[PDB]
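As structure tokens, one chain now follows by itself in the form deposited in one PDB entry.
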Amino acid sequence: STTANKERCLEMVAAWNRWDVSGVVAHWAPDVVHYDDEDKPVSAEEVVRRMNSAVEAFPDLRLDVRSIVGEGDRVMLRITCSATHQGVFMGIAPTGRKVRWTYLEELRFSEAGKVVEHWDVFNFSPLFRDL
């Protein structure tokens, strides 16, 4: 259970690492809720839009799982992303610069192994400072 959930998370990371958003979404429950930094739900449509925009802005991105821990129906991962800023991002046009940020991803899974709730914490400071 915990083991399976963790492996599911690593498959999502592998999908991001081949720049395939659809492979991440494939693990979502039909009723999945994603919470933003203010704990407000973000619609699936908008979450996917943001994910697609990130791959567009950072098309060479690589995610390094620094740590992963699972207990019960939850998994948390500390991840470092490295990329080059080749596309417009959150309004900031390209720089070509090498960037790097760290973040937490937290997922809660249903008994059938699908993601039902999803949170994160992003430290975009290094990225803003750089850009």
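Start at 1 and count along the sequence shown; that's the residue number.
Averaged over CA atoms, B-factors in the entry run higher in 83-91 than in the other of 83-91 and 40-48. Stretches 55-63 and 92-100 differ in mean CA B factor, with 92-100 having the higher one. Based on the entry's C-alpha B-factors, the most elevated value among 115, 112, 9, 15 belongs to 112.
In this PDB entry, residue 71 carries a Cα temperature factor that places it within the middle third of its chain's modelled residues.
FYI, the form solved in complex with a small molecule isn't displayed, but the following is about it.
The small molecule is not drawn, but in the entry with it bound it has a heavy atom within 4.5 Å of residue 118.
Using a 4.5 angstroms threshold between heavy atoms, residue 24 counts as touching the small molecule in the entry with it bound.
In the entry with it bound, at least one heavy atom of residue 90 sits within 4.5 Å of a heavy atom of the small molecule. Although the partner is absent from this view, residue 51 contacts the small molecule in the entry with it bound, with a non-hydrogen atom inside 4.5 angstroms.
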